[PDB]
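Letters A, B, ... are given to chains in the order of the sequence lines, protein chains preceding strands, and every chain is numbered from 1. Just so you know, these numbers use all the heavy atoms, side chains as well, and skip hydrogens, waters and symmetry mates.
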Amino acid sequence: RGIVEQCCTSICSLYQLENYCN
Amino acid sequence: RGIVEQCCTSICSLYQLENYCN
Amino acid sequence: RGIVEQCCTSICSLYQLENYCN
Amino acid sequence: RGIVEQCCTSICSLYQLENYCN
Amino acid sequence: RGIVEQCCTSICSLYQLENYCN
Amino acid sequence: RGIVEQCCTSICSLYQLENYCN
Amino acid sequence: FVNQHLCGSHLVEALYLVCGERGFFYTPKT
Amino acid sequence: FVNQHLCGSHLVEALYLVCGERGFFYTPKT
Amino acid sequence: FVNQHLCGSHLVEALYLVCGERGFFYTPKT
Amino acid sequence: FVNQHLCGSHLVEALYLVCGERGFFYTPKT
Amino acid sequence: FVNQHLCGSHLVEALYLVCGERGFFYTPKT
Amino acid sequence: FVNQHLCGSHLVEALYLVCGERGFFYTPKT
Ligand SMILES: [Cl-]
Ligand code: NA
Ligand code: NA
Ligand code: NA
Ligand code: NI
Ligand code: NI
Ligand code: NI
Ligand code: NI
Ligand code: NI
Ligand code: NI
Ligand code: NI
Ligand code: NI
C-alpha cells in the first residue's frame, strides 16, 4: 500500500507523488 | 509517425536519429 | 537569454520550467 | 556466459558483480 | 553535518553510505 | 594521458570516443 | 504530468527533483 | 522544489518529466 | 550503434548527446 | 570503489543501489 | 543488494560506481 | 555534437551508446 504499488505497478501524478516528501 | 513509433516501438540508428535535431 | 542562461547560470523553479514546454 | 546473461537475463549481487572489475 | 556535508563537500566510500539506509 | 585527460579536463567529439570502443 | 510508469532508479530521480530541499523517505515494502 | 542549479543532461531530464505528453523544446545559446 | 529500444528518459538523454549545441524538438504524439 | 565526490542526483542513485529493499532516507541541510 | 534486473544504461552505471578507480571491461556478446 | 566536457557517470553513459554491441573499456589514470 506504499509507493511501489502505486507509481510503478499503477500510475501516479505530481500531486499524488508529493505526499512522500517531508 | 513520429519519434516514439520509430525508436521506442521499433528500432532506430544514429543516422535515423539525427533527423530530429535542429 | 534563454533556458541555459536562466536555469544553469541562474536558478529556476518548477513554474519557470513549464514555460519551455510545447 | 558473460555479464548480460547473468545480471540482465538473470539476477546478480554486488559480490557477483565485482568480478568484472580490473 | 549530514549526508551532503560528508559525501558532497567531502568524500565517502561504500561503507559510509550504508549508514543512511533504513 | 588517457580517456579522463582528453574528455574530462579537455573536450572530445563523437569520433574521439569511438577509439576507446572494443 | 502525463501518465508514466516510474520504476527503479527513475522513481528516486523523480523523488529528488520534486521534493527538493525538504527531503523524502523511500520504502519499497510497505 | 525550492530551487537549484540545473545544467547539461540534468536539464533535459527535468524537462521530460515536467512537460510530459505536451513535449518540450531545447535550444541553447549556440 | 547497435540496435536498442530507446524509451522515456533514455530517449531524451540520447537526443541531448547527439544533437549537441544545435538543439532538438520532442513531440511524443505525432 | 576507492572514493569520489557525490552530489545531487548522483547521490540518490547511489543510495538506491546501495540500500535496495532496505530503503534509504535523504535529508539535506536545508 | 537486494535483487534487481540491471539492463542497458543501468548496468554500466552500476559498473562505474562499484569498480571505481580500478576500471572495468564491458562485452555484451560473450 | 560540436563538443562538450564529459566527466564521471556521464562519460560511461556516452560510451555505452557510442560503442554498443562492440563494447568499451574504461581505465582512469588511477
Ligand atoms: Cl527501463
Ligand atoms: Na489533466
Ligand atoms: Na552495420
Ligand atoms: Na541476504
Ligand atoms: Ni500499464
Ligand atoms: Ni522488440
Ligand atoms: Ni550558484
Ligand atoms: Ni525476472
Ligand atoms: Ni575535492
Ligand atoms: Ni572548460
Ligand atoms: Ni530505465
Ligand atoms: Ni551530473
Side-chain angles (χ1 to χ4, degrees), chain D, chain E residues 7 11-18, chain F residues 2-8 12 17-22, chain G residues 7-10 12-13, chain H residues 9 13, chain I residues 1-2 4-6 9-10 13-14 17, chain J residues 1-21 24, chain K, chain L residues 6-30:
Chain D
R1 320 285 162 209
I3 195 164
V4 180
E5 35 275 315
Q6 200 184 33
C7 293
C8 179
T9 316
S10 192
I11 272 198
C12 66
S13 59
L14 185 126
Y15 316 80
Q16 207 158 43
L17 224 201
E18 279 196 50
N19 295 31
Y20 296 96
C21 307
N22 293 338
Chain E
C7 282
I11 44 163
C12 62
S13 60
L14 168 79
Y15 330 108
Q16 292 178 237
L17 278 173
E18 291 181 37
Chain F
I3 174 156
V4 190
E5 312 263 307
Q6 199 171 304
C7 282
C8 182
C12 62
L17 278 173
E18 291 181 37
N19 294 320
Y20 297 98
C21 303
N22 298 328
Chain G
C7 302
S9 60
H10 304 287
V12 294
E13 250 154 34
Chain H
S9 301
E13 283 187 64
Chain I
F1 233 7
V2 177
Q4 285 107 18
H5 278 334
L6 294 163
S9 60
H10 304 287
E13 250 154 34
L17 277 181
Chain J
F1 48 106
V2 192
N3 292 111
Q4 50 182 319
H5 272 300
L6 294 160
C7 302
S9 301
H10 305 284
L11 191 67
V12 287
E13 283 187 64
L15 285 161
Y16 162 75
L17 208 77
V18 164
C19 301
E21 214 239 330
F24 57 92
Chain K
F1 233 7
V2 177
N3 57 339
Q4 285 107 18
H5 278 334
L6 294 163
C7 302
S9 60
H10 304 287
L11 184 66
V12 294
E13 250 154 34
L15 263 173
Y16 171 78
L17 277 181
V18 159
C19 303
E21 278 270 279
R22 286 165 58 187
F24 62 95
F25 61 81
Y26 183 80
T27 24
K29 267 257 67 211
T30 305
Chain L
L6 294 160
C7 302
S9 301
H10 305 284
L11 191 67
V12 287
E13 283 187 64
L15 285 161
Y16 162 75
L17 208 77
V18 164
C19 301
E21 214 239 330
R22 281 109 258 246
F24 57 92
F25 221 128
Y26 180 78
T27 43
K29 255 296 217 236
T30 134

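Under the ring-ring contact (aromatic ring centres under 6.0 Å, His included) criterion, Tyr16(L) pairs with no residue at all, not counting sequence neighbours. Contacts of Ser10(D) classified as side-chain contact (heavy atoms from CB on, under 4.5 Å), with partners at least two apart in sequence or in another chain: none. The side-chain contact (heavy atoms from CB on, under 4.5 Å) search around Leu11(J) returns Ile3(E), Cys7(E), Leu6(J), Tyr26(J), not counting sequence neighbours.
Annotation for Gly2(D) and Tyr20(D): closest pair O-OH, 2.7 Å, computed over non-hydrogen atoms. The shortest non-hydrogen separation linking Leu17(F) to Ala14(L) is CD1-CB, 4.3 Å. Of all heavy-atom pairs between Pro28(K) and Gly23(L), the closest is CD-CA, 4.4 Å.
Residues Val18(L) and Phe1(I) are in side-chain contact: their nearest non-hydrogen atoms beyond the backbone lie under 4.5 Å apart.
With values rounded to the nearest 0.5 angstrom, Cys21(F) atom SG is found 8.5 Å from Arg22(L) atom CZ. Atom CD of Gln6(D) and atom CD of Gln16(D) lie 4.5 Å apart (nearest 0.5 Å). Interatomic distance, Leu17(I) CG to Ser9(H) OG, rounded to the nearest 0.5 Å: 5.5 Å. A distance of 11.0 Å separates CD of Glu18(F) from CG of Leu15(L), quoted to the nearest 0.5 Å. Residue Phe24(L) holds its CZ atom at 9.5 Å from OG1 of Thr27(K), rounded to the nearest 0.5 Å.
Under a cut-off of 6.0 angstrom, the local environment of CG in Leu14(D) is crowded, with over 12 non-hydrogen atoms contributed by other residues, nucleotides or ligands.
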- For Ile11(E) and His5(J), what are the C-alpha separation, side-chain angles and deciding distance, and is it a side-chain contact (heavy atoms from CB on, under 4.5 Å)? CA-CA 5 Å; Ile11(E) 44 163; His5(J) 272 300; 4.0 Å; yes
- Task: Any chance you could lay out the side-chain contact (heavy atoms from CB on, under 4.5 Å) test for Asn22(D) and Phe25(L), step after step, and finish with the verdict?
- Result: CA-CA 10 Å; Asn22(D) 293 338; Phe25(L) 221 128; 3.8 Å; yes
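Not one N or O on the side chain of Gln4(J) forms a donor-acceptor pair closer than 3.5 Å with the backbone of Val2(J).
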